[PDB]
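Asks: Please work out how this folds:
(6 chains)
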Amino acid sequence: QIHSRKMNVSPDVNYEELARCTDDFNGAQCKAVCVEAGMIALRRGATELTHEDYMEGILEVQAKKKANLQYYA
Amino acid sequence: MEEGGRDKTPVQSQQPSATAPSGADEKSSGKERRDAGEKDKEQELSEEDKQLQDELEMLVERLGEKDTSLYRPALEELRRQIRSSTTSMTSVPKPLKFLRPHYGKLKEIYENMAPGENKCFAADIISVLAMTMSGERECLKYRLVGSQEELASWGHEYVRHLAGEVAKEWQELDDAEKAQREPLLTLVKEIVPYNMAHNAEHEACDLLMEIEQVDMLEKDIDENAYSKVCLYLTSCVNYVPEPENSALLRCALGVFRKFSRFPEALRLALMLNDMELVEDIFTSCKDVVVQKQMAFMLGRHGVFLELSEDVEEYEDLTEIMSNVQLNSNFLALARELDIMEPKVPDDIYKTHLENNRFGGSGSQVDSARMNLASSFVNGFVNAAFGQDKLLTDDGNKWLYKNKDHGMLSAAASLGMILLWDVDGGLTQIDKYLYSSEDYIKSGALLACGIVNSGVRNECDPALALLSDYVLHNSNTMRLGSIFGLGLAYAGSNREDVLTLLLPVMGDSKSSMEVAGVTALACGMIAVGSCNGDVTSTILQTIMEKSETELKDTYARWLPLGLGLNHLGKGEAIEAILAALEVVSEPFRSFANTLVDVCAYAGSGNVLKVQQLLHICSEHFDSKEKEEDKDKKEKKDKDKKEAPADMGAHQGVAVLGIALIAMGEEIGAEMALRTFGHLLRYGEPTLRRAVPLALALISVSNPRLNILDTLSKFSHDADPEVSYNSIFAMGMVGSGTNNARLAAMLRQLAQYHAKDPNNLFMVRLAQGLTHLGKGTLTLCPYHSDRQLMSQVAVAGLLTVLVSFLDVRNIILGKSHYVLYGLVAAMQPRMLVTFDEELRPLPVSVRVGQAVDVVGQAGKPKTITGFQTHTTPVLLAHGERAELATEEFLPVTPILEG
Amino acid sequence: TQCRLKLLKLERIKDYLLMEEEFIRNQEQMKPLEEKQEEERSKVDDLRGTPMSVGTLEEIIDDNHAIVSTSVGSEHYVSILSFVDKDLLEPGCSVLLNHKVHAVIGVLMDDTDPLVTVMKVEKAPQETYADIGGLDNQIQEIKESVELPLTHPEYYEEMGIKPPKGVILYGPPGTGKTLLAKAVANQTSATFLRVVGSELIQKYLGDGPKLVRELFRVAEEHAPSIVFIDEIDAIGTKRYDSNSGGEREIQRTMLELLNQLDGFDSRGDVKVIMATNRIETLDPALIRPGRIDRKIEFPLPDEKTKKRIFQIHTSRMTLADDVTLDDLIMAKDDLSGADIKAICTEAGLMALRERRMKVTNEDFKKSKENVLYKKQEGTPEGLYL
Amino acid sequence: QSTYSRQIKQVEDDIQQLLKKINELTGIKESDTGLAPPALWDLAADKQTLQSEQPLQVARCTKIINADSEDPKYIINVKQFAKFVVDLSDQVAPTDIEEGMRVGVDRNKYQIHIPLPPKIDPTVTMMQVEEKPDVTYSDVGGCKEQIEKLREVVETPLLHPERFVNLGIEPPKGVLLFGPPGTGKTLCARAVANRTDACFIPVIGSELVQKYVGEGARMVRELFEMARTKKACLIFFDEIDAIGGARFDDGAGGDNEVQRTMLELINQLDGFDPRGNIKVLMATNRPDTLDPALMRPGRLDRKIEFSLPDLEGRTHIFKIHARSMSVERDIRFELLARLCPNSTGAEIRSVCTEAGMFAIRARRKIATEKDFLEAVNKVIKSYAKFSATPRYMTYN
Amino acid sequence: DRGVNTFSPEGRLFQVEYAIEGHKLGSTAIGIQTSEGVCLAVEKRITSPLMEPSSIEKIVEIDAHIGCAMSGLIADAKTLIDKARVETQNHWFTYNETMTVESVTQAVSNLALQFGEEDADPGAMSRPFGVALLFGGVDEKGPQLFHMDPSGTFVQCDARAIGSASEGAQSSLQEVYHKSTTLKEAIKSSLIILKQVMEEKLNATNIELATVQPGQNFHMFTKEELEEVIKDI
Amino acid sequence: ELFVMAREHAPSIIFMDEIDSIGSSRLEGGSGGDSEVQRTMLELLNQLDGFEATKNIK
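Replies: Numbers count the residues shown, from 1 in each chain, chains lettered A, B, ... in the order given. What follows is the structure:
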């Protein structure tokens, strides 16, 4: 709620809403995903945020070395 | 050794076979030597053929190994055998065959021993052998390039052979086109460009260009190899005199203008000094390559790139001539015409002012020597063109207040500050031209010459305005007008400019003493083009010296003009000389002597020899004194020769001052004073050291005026690195105060050096190569030898007018902005094999914006991996563009 | 080619003659060099005087000052003396300071350390090239990697790759891995620096990575170079527990060599030939492809390769018909190059015990037993075969 | 010509004889003078010589307590570690010297002329530093998926903080780059560094460890701070298991010297202060040695794993490398890469390098099929077993 | 140290990640399913033609109406196929219908991953398979081709290629094959791709061909028919 | 550096000592601290200058 005032946050998903499906996460984690979600959006050239920017955000935190979710389909 | 291998049938002998030609073979050595002579050819012909195949095979096997112990003695022993009598005499087919591996054997010796003797000997054998074999050398090289393996050693060896052909010791045109040079250029860029440069093999490369462009693009750097051929060619003056090289540069210039890489062509036209050549460089690019691309564009772009001296377009031989060819070139008549007009190159300079800011803090303060001091200072802070506009607009303080010669001096320096205005500076000069005494109007005229060059290109010319002005009955106004004329044209050949010089200063009887500068202005037009050949300048100088040599200023200027009018050519001087003889005096005998020196001048070894038989260290009265300093400088020559010869010139420049001091004691003070300008003309490879060393000492020695001369070069690259140097100089000047007269010279020095940040640097180089000519450096250069420089002479001396244009980035596909554009930097350099000195187009990405520099900027290149392209204009940013040539007619490299 | 030699010569003639001409002539005529030229010579010479303290130039500061640390136990932020240049003091070189008031009089010394002396090793070997027989293929591989880009770097850097560097020498130990680096080094004519991998970890704390920097820096300056690093296998195999630097020391050393090699440094002309036992006992940080393009695995030396090496040693040894080469080679199995060397060295030694200066078939037969046991020993192996 | 040749041999003796006259005038050896910049500097220089400004002894000011007898005094502790109470030489004000700031004092007359620049005491760290290097962009594989992810965090605030404030997003801090040797943590970092065109200081931690415990720690804090002050700085910390190792002791050894420095780095990145907009990148050789303080978001917002370059990455490294090279184009560059097993980035490139070498060896203007097959069959067998990755990956 | 049985910091298993790259060292499997049969082409993976083609097996009959071609780590594959033969046959035996290609595929996919150095014994795995199989056969519904990979994903395929470059083998398919096409083109479309995915030549001793078709069992191509198909590129 | 200096005062003996009661805390791991010193010395000693076929430092 404090964060939404400063930068845009999508109707589609809020970190609170996101947490329910997943599990618990720490407060630094919640702000970091959020800044990162904006980062994709800034890069595109939009001030608006989408749901994809946040989901991409979870993926941005994880490690990668074979980048495939069609083997982990 | 290990006898037998191939002359033995068992399975085992294959190992000794590689080794064996080092000591001796059973029959294989003998096949070419013993067996061929002793027996008759036809009986022998069956055996030799079988064995021939096996020697070929051994060559391939030796390349398989990496060892030199097995490579070198093995091929050497085989040679001797071939030489004896399988050279041309066996038959029609058999000599072609024997000759094919013979070439291979030869390369290693040619390449390895470097000496002059070895060099000539190999050419003798190679040429006769080439003719008989008739083209087998070409297949041989190509097979070797393919191979399966070879040695690193061999890489150097195969190119070296191409040099035997170029000499033509037994050739004259038969196999004087390729030894398969093309793959050979690609692999290695080293010995092969020298061979090409001398042969005139360089013609074939245009036909080959279509294939080569792929390799030049992203795969290799074939581009480096051709730029090298050009280095060797210009260097050839130093190697062997100017008359010998002159024929050569003409044939080299035609192949390069036809080639896609335009800067190389541009350098050579600039050296020859001819009207015909310039129009061809402009037109040829467009015609050879019909595709729009860069090709149409390269003609204009090369003229803008050319930076040697003066204002827009610079040389200005080229500006008049490129019209008529303009209509034919047809990118569009309306647009091409507008780009060529100096009105478009003026606008961009306006933007650079903003960046530079005010530097002005100088005196404009009234009364005394300070009023005279003020006028030179206002320009000197913002040298070339900067934000000095406020001060220039203000008429009242500086211009009007001066008295006598001071008024002419005040007006004359004004034009140089107003430099590169279409108009609005012209409004300003015209307003003075009408007002006040004769001194204001005449002074106004040099200044007029400067601003009006802005609207030209054969529509409303600079010539048009100046033509009315010259007519003036008063000596002073007419002088200032011709001086103004000379300044605009710089070094051109044109019917009108020559015609205005023909009657003017038709007497040695003149009221003022600055009448002599007429002769200089005329002298300037002659160099940097086809000579002026004006009668007034030649005839008058001998009469002037006979009435008077009492005025040190007057006496000096007329023979200085004579020595410059003759420069540019040897041939032309003969017509004017022929006239002079009609009037005979003792004075004339000396005039004649100067013509010998003038024709011979610019040679790399002739000129040097002449200086034992000198006109320094002699006075015949004081006749000898006037030109003796001029000879010693060799200043044209120093600029003219390659980047490689600059390293040498740094000693030469100093050497010439030393020479004057030794010869003539009085001449010693003068020599030091010339020095500051000598370096300015020279634009040496390393600029930092020389002026600073001089700068401190020049306070102690009589005539503080040396220090003023020093300051012109001394600021070097404008303050980033120079911040320490410009601050220290200014302090040395300001620190010592002993008189108002001394203060003023030192005050000129302080203020010149002290230039605000990011400003146009001291240059007469091209900004790819330190190649060029100077006929604008000449206007101070001449007046820096006048014994105890007057107020009147100071005025002539003040103008810069030669410094950089702000655009050092894309001209491209029609851009002409200062607005940023990306560039690539190579942290890992390989190249020192490009004359211009641009490292690989494989690129690592970095940010936008290349702005004026003097020295450095060599690793700075333009990206050519972002969408894969190769630079036509070899990029450094000094006055080198970040522009590329690709198939497409629009830059795939988009503005940052 | 010849014409070029004249151009190069052209710069150099002017440099000696000009310096000579100017110094003497210009003090004589007017006031150019004159009072100023004497003044620099004299002032520096007087200030320097007796004594001068030696210091080392740590850093140069842009404001006519420098950080010199002096060999008197005090550091100084000196002021430059009139007529001495700040920018002629190399960070490689130590500078001389006047010891009364600290200002840089000048550089008469660059000074020297025992630290330099380790990296620089001069080779003039008893066995060299054409003193090795057999295993001919293995030498050709080394050369394509080391010799060919080092001699002619121009194509190799130009094509787009970084130049292929070095070789890794592994397989059965004893093949003659050490002889090979020294022999190839003479042919290429590269400055041969030898430094042990175990020598880099030592008691001293923080000296360990500094030394590795020096090893690379010196190799680079020398110009064509090969660094043969003998027994590098050593850092990995042992966690020494005898250094006060500890496990910390081993870590920090291991990274620095990687940094100096390529890294962000990306030094060129420096080939490293690595001698190891095996590269399966070597540390996994160090090993990785693409710093060393080619790896060579020697086969077990056969009976055939062995004869050629022995003929050379027989030539170096006392000559007789009592030298019986074949018998010793045959008896032995498919085993190292080293043994051929060991049989010859033990045979001479053995002679001295007898009070004989002769090396005969008897010394050799006795030598065969000891060499064979020590190296690998055939009587275990005969059961398994 | 013959005359000219004689001079080649001669010039060497001629320079040696002349050598005392060269030395005085140009520089080095007897009477070192440059003649070009110390000449210009000479008038300013005379002021310093006259004064006791030589010596001006290395020190740092502890506290600026003024006291009586000579009024303007400062309490200084020299870098060799003993304190002097000193005086002010008139040439600056007492304002110029400030507590904690580096200052110059004489040794013969103890007094401040000009204060010494603060915090530039490491020379060792500077040794390694090359600003903006990179082998060439072509070996990278150009734009990989790996490069693009790295730019969002890294490039973008340095280039424009304006866009960050506008949207209202906090600016990032840390990117942790990890993988066993040769997966290119440093190669990618150099590529982004050049692009952003921020000043670039990369440093190995192994020189910010020196002498005993605590000296290395002083070097790390001062360096970091200095960079932080500087607007638009990018610091790529190269290979830290030398200021980045495990935290323990067992009381038969101890990791301490390493941990003092590591902890000093970690502390400094965000700070106990909000954060700056100056970026830190850490390259680590183990993901197994890291303590949680380093891992917190705002000193490490997203973890990016450059370990064993991705499925897309293996083919891009070969083709972009192949593009640059003169090679055959009837072979599928991707087939050669695909053959490569579990390839580290260094390993993919190893094929290209070995392939090209054979081609150079021949001296062809391309390459042939044979050069590629010998290279690739060799790489799959031997190199892969002998990579960094089998041993390291299981551990990690 | 920790296992290969542990998760990576990516949140994916270490051992499964390694297995796919392992496939790429070896043989290829190309199966094209047409409505006139399912064809399997696989490389014998030779060093010389002087290697008898009398009884090199890598396309083996699972059932007499289902064939299987293998790709990847060839050694690991030999035991997976031998095993696959008994389980399909237990199913054939009980149901007494002609087995469906999809039932054989699902059954073998759970055996791929049972790995672990705990909760496993000698008959269970301690490593994941890195064998990707192509099961091709004709059933009651008609011709079907199924792809199995180490992650157990089973999918219906009309053309699937996996090989030495898995990626490589597939990119060529798009280019040559088109949905509805004859049997004779289907065999040919495999020989053109086969080369692309191999780094090795077209020899009759280096390719192996088998067709399973309506009303017709798994057939092994002989030297003459191996040549007919080599001719068709 | 030691070999050189030892050469100046030739013949010399570099001595290495184990008794395993002094330096008993340097016997583990690498298996003797004295062993590292030996390994390094012999290897450089093997070839430097013309000193492989001459010996005066043991």
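Asks: who in chain C is up against chain F?
Replies: C:114, C:117-118, C:121-126, C:178, C:182, C:194-196, C:198-199, C:201, C:230-231, C:234, C:238-243 (Cβ under 8 Å from any Cβ of the partner chain). From N, CA and C alone the C-beta is placed, and that goes for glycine too.
Asks: Could you check stretch C:314-323 and say which residues are buried?
Replies: Neighbour counts over stretch C:314-323 (16 or more other Cβ atoms under 10 Å in any protein chain shown) mark residue C:323 as buried.
Asks: For chain B, which segments count as strands?
Replies: In chain B, the strands defined using DSSP state E lie at B:822-825, B:844-848, B:860-861, B:870-873, B:883-885.
Asks: Which one, of those, ends up nearest to chain F?
Replies: Closest of the strands of chain B to chain F is strand B:844-848, at 40.9 Å (criterion: Cβ to the nearest Cβ).
Asks: quick one: contacts of stretch B:33-53?
Replies: With Cβ atoms under 8 Å, 6 or more residues apart in numbering or on different chains as the test, stretch B:33-53 has contacts from B:6, B:27-28, B:31-32, B:80-81, B:84-86, B:89-91, B:94, B:97-98.
Asks: and the residue in the stretch 151-300 of chain D positioned nearest to chain E, how far is that from chain B?
Replies: As assessed by Cβ to the nearest Cβ, chain E sits closest to residue D:287 within the stretch 151-300 of chain D, at 6.0 Å. Distance from residue D:287 to chain B, counting by Cβ to the nearest Cβ, to the nearest Å: 29 Å.
Asks: need the contact list for that residue.
Replies: Counted by Cβ under 8 Å, 6+ apart, residue D:287 has contacts D:178, D:396, E:9.
Asks: so how far is chain F from the last one?
Replies: Which is residue E:9. Using Cβ to the nearest Cβ, we find residue E:9 at a distance of 32 Å from chain F.
Asks: before we move on, back to that, buried ones only from the contacts of stretch B:33-53, please, as a PyMOL command.
Replies: A single PyMOL command is used to select the members of these judged buried by 16+ other Cβ under 10 Å:
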select buried, chain B and resi 6+28+31+32+81+86+90+94+97+98
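Asks: and the contacts of stretch B:33-53, which two are the farthest apart?
Replies: The span of the contacts of stretch B:33-53, defined through Cβ to Cβ, is set by B:6 and B:89 at 25.0 Å.
Asks: Contacts only, for residue 13.
Replies: Chain wasn't specified; assuming chain A. A:51, A:54, A:55.
Asks: ah, no, chain B please
Replies: B:4, B:5, B:6.
Asks: again with residue E:191
Replies: So residue E:191 contacts E:41, E:202, E:207, E:229, E:230, E:232, E:233 (Cβ under 8 Å, 6+ apart).
Asks: In helices only, show me those.
Replies: Among those, DSSP state H puts E:229, E:230 in helices.
Asks: among the residues of chain C next to chain F, which ones are buried?
Replies: C:118, C:121, C:123, C:125, C:178, C:182, C:194-196, C:198-199, C:201, C:230-231, C:234, C:238, C:240-243.
Asks: quick one: which of those residues sit in strands?
Replies: The strands, defined by DSSP E, take in C:194, C:195, C:196, C:230 from these.
Asks: residues near residue C:115, how many?
Replies: 13 (other Cβ atoms under 10 Å in any protein chain shown).
Asks: hmm, whichever strand or helix holds it in reach of chain D?
Replies: Using DSSP states H and E, residue C:115 maps to helix C:114-119. No: against chain D, helix C:114-119 shows no contacts by Cβ under 8 Å from any Cβ, the least distance being 14.6 Å.
Asks: buried stuff in whatever helix or strand comes next after that helix?
Replies: Using DSSP H and E, the next helix or strand after helix C:114-119 towards the C-terminus is helix C:136-145. Neighbour counts over helix C:136-145 (16+ other Cβ under 10 Å) mark C:138, C:139, C:142, C:143, C:144, C:145 as buried.
Asks: helices and strands around helix C:136-145, which ones?
Replies: With contacts taken as 3 or more Cβ pairs under 8 Å, 6 or more residues apart in numbering or on different chains; DSSP states H and E, helix C:136-145 sits against strand C:167-170, helix C:177-188, strand C:296-297, helix D:345-362.
Asks: Which part of the stretch 1-150 of chain C gets nearest to chain E, residue-wise?
Replies: Closest point on the stretch 1-150 of chain C to chain E, by Cβ to the nearest Cβ, is residue C:137, at 20.7 Å.
Asks: so how far is residue C:246 from that residue?
Replies: Residue C:137 sits 44 Å away from residue C:246, going by Cβ to Cβ, to the nearest Å.
Asks: tell me the contacts of residue 49?
Replies: All of this refers to chain A. A:8, A:9, A:10, A:37, A:38, A:41.
Asks: Chain F is the one I meant
Replies: By Cβ under 8 Å, 6+ apart, the contact set of residue F:49 is C:122, C:124.
Asks: Next: residue B:56.
Replies: So residue B:56 contacts B:100, B:101 (Cβ under 8 Å, 6+ apart).
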